[PDB]
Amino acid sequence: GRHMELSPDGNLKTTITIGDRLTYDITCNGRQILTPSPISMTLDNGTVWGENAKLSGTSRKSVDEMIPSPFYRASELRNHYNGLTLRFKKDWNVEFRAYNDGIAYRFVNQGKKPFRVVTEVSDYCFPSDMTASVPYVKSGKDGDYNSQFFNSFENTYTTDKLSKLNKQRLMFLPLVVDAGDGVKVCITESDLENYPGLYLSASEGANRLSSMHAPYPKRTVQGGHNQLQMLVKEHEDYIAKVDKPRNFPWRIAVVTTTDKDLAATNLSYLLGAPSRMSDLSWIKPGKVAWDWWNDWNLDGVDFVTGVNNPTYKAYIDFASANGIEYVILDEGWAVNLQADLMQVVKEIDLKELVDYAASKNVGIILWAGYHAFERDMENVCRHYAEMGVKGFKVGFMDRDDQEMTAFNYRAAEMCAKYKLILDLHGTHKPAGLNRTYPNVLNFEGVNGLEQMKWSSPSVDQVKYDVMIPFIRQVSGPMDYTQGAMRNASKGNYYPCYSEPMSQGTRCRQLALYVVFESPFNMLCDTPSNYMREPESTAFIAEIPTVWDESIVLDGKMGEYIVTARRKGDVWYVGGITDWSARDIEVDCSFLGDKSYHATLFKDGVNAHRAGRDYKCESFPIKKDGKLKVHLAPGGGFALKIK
């Protein structure tokens, strides 16, 4: 039983073998980059899908279609693949898809009788000791996987040969394996609804990454961060309940021959479940005059700053004067330790604030800890939607067992029902959720700029920035929360909770608004700092967060990336580099034939010594244009062409 499937361009092919085990491999341009890798699902009735599998039928199709992708990187995304469905006896199938830039598969339940998934095998067997770039689970102890399942999915990348990885620490997704000769494999998953998230492990075999899933929770207890978390204390002997026919999540091996194709791949959105929303007209992407990063630390005002009405009114004024759409009331507005979103601290009047914000063309987003939000979800959403609140930022889930991934979707739907937008923090990679419910405008699961509030200088944020466009961002949008006006060149960074800075240059921060995808996007710094920086603020306030077209012009993972994005007849280009100074050329052949005006923010000539140093230039340009830009260490540039 040997089945082959090829990508439309013929460069990628997978061979599926049906024997004692069910396996698939991956060949790229003749070279085998994944050796036969076994897949299976073990059920509680002893049935193991994929061992001694009995094929009952097959079907093939060739698909080339455009998938609408609102509130994202393009108006629509191309879905172009050869598909193979293997139908087995006992009412289960496995679907394979071959794209030019990846192989993906998923199990499908067509059984009528409820059951449980005990474990799932999803192995990745490589032919040699390749170099992996992986994000380890940050918390917990080695070998104690239950201590690791409780984590916030925020960490930097460790780069090591497969044989050199920690064999006792889980890695979350996405992660990358360097297959050599410029080929990258990026492993991720999508359509992660009501199913535990997949970790990979180096614990089994040679040159092999194998799966592990958090077990279904048997007993959860309120605790953790300010009594807003539900901690798994006991777990079942299975990982998932299955009560109905369903698709299971896609297992995705992105395969690219150039790093810019990795950053650009659409596979995560393409393989998310289709939108479940008819009316999208009420969803408004945009930016936030954020309170939390900058620690409410305004200067030049006549009131004491903090979680109080005059402070939020100042953020609202600032947002409004600059056309910024939203103000978040972050953690602090609800009475601490009560986990009760109906108990407002005495220094705050939500009604006053929501109404004041409304009279200033500003929407209010309320922050909520997981348990406070989940416990009376529908009533909370109704009550605040009625008050005029536009959405929620929900955080500290720190779980990806089945119960929590079911909660993400349930939360998204409940917010959708009441015309509320949703931002998920203390969560994992998006894995398709923003396609299925487009009102979920951002996701954390990223070691973002908040880390500068407490991180030792050993944390290399500049390096991290040129890793995630190729790794974490492959899964979906990031709430990274950039926009620092305080910028520290190499050696000048220190963690400062109430007056934080970024690592690298001013223009790096500006470039991130193009480089990073964030439909719901922060201005992390104080209004005070922004108002001392008119030029920077104007650029940030004006740039779209949602795009009609996106092109990654060039890049090398962990070194640099240059990205151009279109909105109407306006283009933006952003570039960033690692700690090496770098010279970049921008080929402007993506432009139309009209004559255009460019506005360029580039690193100042002393940006290597003073991170804040920038230069803003104006000049005419057109399609033949080939703009040379110098990037300082930890620097970048931001370009607008109108």
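Numbers follow the displayed sequence, beginning with 1.
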Margin query: Comparing average C-alpha B factors as deposited, tell me which of 50 to 58 and 576 to 584 sits higher.
Written below: 50 to 58
Margin query: I need to verify one thing: averaged over C-alpha atoms only, is the B-factor higher for 464 to 472 or for 136 to 144?
Written below: 136 to 144
Next item on the list: Kindly indicate the residue among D259, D400, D569, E189 with the greatest C-alpha B-factor in the PDB record.
Entry: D569
Check: With respect to the C-alpha temperature factors reported in the PDB entry, which of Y105, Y437, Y72, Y384 ranks highest?
Finding: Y384
Check: Can you tell me which third, lowest, middle or highest, the CA B-factor of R31 falls into for its chain?
Finding: highest
Checklist line | Among modelled residues of the same chain, the CA temperature factor third for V605 | finding: middle
Next item on the list: Sorting the chain's modelled residues by C-alpha B-factor, tell me whether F126 ends up in the lowest, middle or highest third.
Entry: middle
Notebook entry, point to check: Relative to the other modelled residues in the chain, which third contains the C-alpha temperature factor of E374: lowest, middle or highest?
Noted result: middle
Margin query: When the deposited Cα B-factors of this chain's modelled residues are ordered and cut into thirds, is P38 in the lowest, the middle or the highest one?
Written below: middle
